[PDB]
Amino acid sequence: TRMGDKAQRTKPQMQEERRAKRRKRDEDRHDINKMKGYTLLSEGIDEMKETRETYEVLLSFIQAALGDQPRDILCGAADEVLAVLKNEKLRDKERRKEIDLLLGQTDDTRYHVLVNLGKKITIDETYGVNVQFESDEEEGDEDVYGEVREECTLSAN
Amino acid sequence: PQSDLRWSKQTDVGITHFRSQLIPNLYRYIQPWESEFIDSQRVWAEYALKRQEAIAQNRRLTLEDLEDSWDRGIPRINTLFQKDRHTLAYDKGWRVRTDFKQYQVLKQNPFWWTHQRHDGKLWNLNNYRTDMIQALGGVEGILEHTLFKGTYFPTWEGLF
Amino acid sequence: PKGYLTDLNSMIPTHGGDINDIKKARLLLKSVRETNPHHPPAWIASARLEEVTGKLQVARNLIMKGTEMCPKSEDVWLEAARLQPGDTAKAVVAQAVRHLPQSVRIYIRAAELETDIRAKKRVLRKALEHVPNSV
Amino acid sequence: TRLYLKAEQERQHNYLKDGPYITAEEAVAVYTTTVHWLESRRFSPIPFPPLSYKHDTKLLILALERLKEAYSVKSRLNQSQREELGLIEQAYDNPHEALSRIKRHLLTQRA
Amino acid sequence: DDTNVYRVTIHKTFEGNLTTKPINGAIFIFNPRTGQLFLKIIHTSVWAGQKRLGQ
Amino acid sequence: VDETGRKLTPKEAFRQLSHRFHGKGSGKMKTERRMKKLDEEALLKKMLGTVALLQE
């Protein structure tokens with residue numbers, strides 16, 4: 001017999017649960033982190049999360065069918081298209097002559113492509129409050145997210 | 001003794017007899033100081049590399065990495081995740097303070113040389129407990145010698 | 001020693017704040033805001049307590065949460081603007097105008113944060129463009 | 001214990017009768033050595049803790065935790081120990097007032 | 001049902017401060033069979049100055 | 001089972017066994033308490049909203 005043999009090292013407790021908590025916190029704080037460093041007074045794009053990919057594909061289609069225009073133009077066109085196809089009140093046969101006319105009358109193929117875009121798009125007093133006193137916030141004393149945070153002389157005369 | 005590992009059990013079929021050695025020792029489960037020190041140097045160099053890389057990536061070292069280094073390093077890697085880490089960053093001379101406690105607290109401290117908060121837990125004995133049960137002959141073999149079966153509880157799962 | 005004791009007897013707080021009552025009120029307002037995310041008063045009160053006692057960063061985070069959970073709330077937006085440092089207070093202020101166009105208090109806070117004639121002129125020109133009929 | 005305390009009192013009275021066993025020359029020699037070493041190291045004397053020290057609350061929390069650690073609960077603590085526990089809880093509750101008390105004592109208390 | 005035991009009113013004065021007024025709560029004890037409801041009133045003074053936690 | 005035909009819990013079954021074994025039963029007060037409990041159970045099992053509605 002040696003000495004270390006049969007010695008074992010444990011595994012992090014609740015590793016997966018802490019990972020899930022971290023994932024939920026990050027997907028909830030994604031908005032805050034996205035808008036953290038955007039100094040809006042010094043940022044011109046602030047005025048202008050899986051809806052953002054839909055907005056991006058809308059912008060890509062508009063860029064393809066519009067000809068690489070500034071970001072303000074692209075955002076305005078995207079807002080116009082999404083808002084008008086949402087406020088059409090499911091009136092479809094009228095959408096060609098307007099939207100495809102605006103985009104250049106490419107074809108009904110791209111018409112059926114773009115209808116998918118509108119398909120995938122989607123100060124109070126408050127008197128009376130309820131409160132609950134509970135002894136929650138019990139953990140294992142470890143990090144809530146499994147992360148490693150980091151942050152005259154004498155003289156003789 | 002080989003006799004002590006014999007145990008019976010009855011059910012509607014009848015009675016059935018079974019068996020399952022020497023007791024484990026502590027030293028086999030304690031890790032040598034030399035291995036401790038070498039692995040500490042190695043693991044902490046690895047962590048320094050990982051930390052530089054994660055600072056480059058602009059994230060914090062998550063628990064998923066540094067998982068193969070869980071109970072390793074003389075300052076254990078576990079201590080890197082404690083809530084009180086930032087506060088502890090201001091405790092200096094704690095080793096001398098712990099050593100001197102003997103002149104203030106009457107109780108004798110066996111762990112006069114380390115603090116759980118700073119150095120981490122340097123040992124582990126869950127394996128020792130499980131091996132002790134197995135060597136003694138399994139829960140049923142152990143329970144044979146007691147009066148449990150006289151209580152007539154159906155099973156040993158919901159007892160306290 | 002005499003000078004330091006004088007400085008200490010000057011430092012002694014004349015208002016203090018019963019720590020236990022402060023904790024009780026903190027728990028009460030935490031329950032408030034948790035139960036009703038759409039109560040601008042809840043976030044405003046939480047931030048006011050956390051700024052009068054404790055430190056300001058927790059109140060600031062609570063108020064970034066509250067501004068987004070209570071859109072169309074000039075009072076909460078102004079709480080955020082006043083609590084945030086000037087540079088990011090401006091970002092809060094213009095987020096407030098984006099959520100609430102025609103927000104004259106918010107625009108005034110924008111100007112007061114900018115503290116420069118050119119930026120004030122530009123912001124007021126934009127505000128007039130938005131709403132010309134405001135004396 | 002009683003014999004050791006008797007011997008210690010003998011020691012103290014013998015000291016008071018025989019004065020400092022360290023002669024003035026030895027005292028000045030060691031003092032000069034210490035000042036020379038500190039000058040060489042370029043050491044800056046520790047100042048009296050300012051009124052608005054950044055970490056004073058951290059230090060107070062560490063001190064109170066260390067004081068609490070000395071209670072391995074046996075469920076039977078005497079009057080003085082329980083009173084000290086109460087004082088520790090009070091300091092935990094209101095850190096700033098305890099700091100004011102501490103600085104007052106460090107400045108004036110000598111008995 | 002004891003979720004209504006502790007409820008507060010938060011009324012603003014736009015200049016100077018904001019006040020929260022603890023209001024009386026109710027413990028509801030409802031019998032589905034006879035429909036008898038014992039609603040116990042919890043006065044504000046019971047917990048307005050209690051100096052106690054949820055314990 | 002007791003003479004009345006009710007299933008008997010093991011505790012009072014052994015109570016009756018021990019009584020019959022030693023040769024002395026329980027006291028008069030205990031007998032009265034037991035019987036009053038039995039008739040309490042019978043009365044409860046053989047069966048104020050309207051009053052509250054009318055008084056409201």
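Residues numbered from 1 in each chain as written, not as in the entry; some residues may be left out. Chains lettered and ligands numbered in written order. Part of a larger assembly, values for the part shown. Heavy atoms only, no water. Residues with missing side-chain atoms left out of burial classes, pairs and counts.

In the annotation of the PDB entry, chain E is listed under the name Pre-mRNA-processing-splicing factor 8 and assigned to Homo sapiens.

The name the PDB entry gives chain C is Pre-mRNA-processing factor 6, with Homo sapiens as the organism.

> Mind laying out the overall build of chain E, listing which residues take part and the relevant values?
Within chain E one finds one helix and four strands. Each helix and strand of chain E, placed in order from N terminus to C terminus, yields the pattern β-β-β-β-α. A compact globule built from 55 residues would reach a C-alpha radius of gyration of about 10 Å, whereas chain E, at 15 Å, exceeds it by more than 25%. Taken along the three principal axes of its C-alpha coordinates, chain E extends 50 × 25 × 15 Å. A buried classification covers 20% of the 55 residues belonging to chain E. (Helix = DSSP H or I, 4+ residues; strand = E, 2+ residues; numbered from the N terminus. Rg over C-alpha atoms; globule rule 2.2 N^0.38 Å. Buried < 20%, exposed > 50% of the residue type's maximum accessible area, 1.4 Å probe, protein only.)

> Which residues make up the sheet that holds strand β2 (residues 17–23) of chain E, and what values go with them?
Spatially, the three strands line up as an open sheet ordered β1(A)-β1(E)-β2(E), and their pairing is antiparallel. The sheet terminates laterally at β1 (129–130) of chain A together with β2 of chain E, the two strands that pair on one side only. (Pairing = 2+ DSSP bridges.)

> So, the pattern of salt bridges: which residues are in play, and what are the values?
Evaluated as defined, the whole model comprises 23 salt bridges over all chains. Taking the shortest distance from any N to any O, the salt bridge between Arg-25 of chain A and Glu-147 of chain A comes out at 3.8 Å. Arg-25 of chain A sits in the buried class, given a relative accessible area of 16%. Each member of the salt-bridge network shares a partner with another, and the members are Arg-25, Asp-26 and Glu-147 of chain A together with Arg-60 of chain B. (Salt bridge = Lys/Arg side-chain N within 4 Å of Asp/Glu carboxyl O.)

> Can you lay out the interface of chain B and chain A for me, pointing to particular residues and giving the numbers?
Chain B puts 28 residues into the contact, and the matching count from chain A is 25 residues. Every element with two or more residues in the side of chain B that touches chain A is listed here: α1 (33–57), β3 (61–62), α2 (85–88) and α5 (126–136) of chain B. Its residues placed into classes, the side of chain B that touches chain A shows 11 nonpolar, seven polar and 10 charged. Relative to β3 of chain B, strand β2 (residues 147–148) of chain A runs antiparallel, the two being bridged by two bridges. Pairing of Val-148 of chain A across the sheet is with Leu-61 of chain B, part of β3 of chain B. (Contact = heavy atoms within 4.5 Å. Nonpolar A, V, L, I, M, F, W, Y, C, P; charged D, E, K, R; others polar.)

> Give a detailed account of the packing of aromatic side chains, specifying residues and quantitative values.
Residues and elements named next belong to chain B. Across all of its chains, the model carries 12 aromatic pairs over all chains by this definition. Seen in terms of ring centroids, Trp-7 and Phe-18 are 4.2 Å apart; in terms of plane orientation they differ by 10 degrees. Their pairing is stacked. Here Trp-7, found in strand β1 (residues 7–11), pairs with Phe-18, found in strand β2 (residues 14–18); they are 11 residues apart in sequence, far enough to count as distant. Relative accessible area serves as the criterion here: at 14%, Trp-7 is assigned to the buried category. (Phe/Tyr/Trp six-rings, centres within 6.5 Å; stacked < 30°, edge-to-face > 60°.)

> Tell me about a positive patch on the surface, and please be specific about residues and values.
Together, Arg-118, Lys-121, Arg-122, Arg-125 and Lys-126 of chain C make up a region of like positive charge exposed at the surface. The residue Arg-122 of chain C is located in helix α8 (residues 117–130) in this model. (Patch = residues over 30% accessible without salt bridge, like charges linked within 9 Å, V, L, I, M, F, W, Y side chains within 5 Å. Areas by Shrake-Rupley, 256 points an atom, 1.4 Å probe, with all protein chains shown as cover. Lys, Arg positive; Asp, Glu negative; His and termini not counted. Charge placed at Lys NZ, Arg CZ, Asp CG, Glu CD.)

> Could you give me a rundown of the packing of helix α3 (residues 40–52) of chain C against helix α5 (residues 74–83) of chain C, with the residues and numbers involved?
All names here are of chain C. Interhelical geometry of α3 versus α5 gives an angle of 20 degrees and a closest axis separation of 9 Å. The angle between α3 and α5 falls in the class roughly parallel. Pair α3 / α5 crosses with left-handed handedness. On α5, the residues touching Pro-40, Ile-44, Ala-47, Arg-48 and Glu-51 of α3 are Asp-75, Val-76, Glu-79, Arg-82 and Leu-83. (Axes fitted to C-alpha atoms, helices over the stretch in contact; angles between N-to-C directions. Parallel < 35°, antiparallel > 145°, perpendicular 65-115°, else oblique. Left-handed = near helix turned anticlockwise from the far one by under 90°.)

> Provide a residue-level description of the nonpolar core, including the pertinent values.
In terms of nonpolar packing, the biggest core is built from 26 residues, with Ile-63, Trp-77, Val-93 and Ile-106 of chain C touching the most fellow members. At the level of secondary structure, the elements contributing two or more residues to this core comprise α3, α4 (56–69), α5, α6 (86–99), α7 (104–114) and α8 of chain C. Setting aside residues no more than four positions away along its own chain, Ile-106 of chain C makes contact with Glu-74, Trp-77, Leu-78, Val-93, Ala-96 and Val-97 of chain C. By size, the runner-up hydrophobic cluster in this structure holds 15 residues, among which are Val-129 of chain A, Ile-22 and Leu-29 of chain C together with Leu-18 of chain E. (Core = buried A, V, L, I, M, F, W, Y, C linked by side-chain atoms within 4.5 Å.)

> Account for the side chain of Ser-18 of chain F, naming residues and giving values.
All names here are of chain F. Structurally, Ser-18 is set in helix α1 (residues 10–22). Residue classification places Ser-18 among the buried positions, given a relative accessible area of 18%. Among the polar contacts listed, one links the side chain of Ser-18 to the backbone oxygen of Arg-15, at a separation of 2.6 Å. (Polar contact = N/O pair within 3.5 Å; in protein donor to acceptor, adjacent residues only side chain to side chain.)

> Break down a nonpolar patch on the surface for me, citing the residues and quoting the values.
Residues and elements named next belong to chain B. Together, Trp-33, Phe-37, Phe-111, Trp-112, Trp-113 and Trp-123 make up a nonpolar patch on the protein surface, roughly 670 Å² of accessible area in all. Here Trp-113 lies in the loop between α3 (94–100) and α4 (116–119). Judged by its relative accessible area of 33%, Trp-113 is partly exposed.

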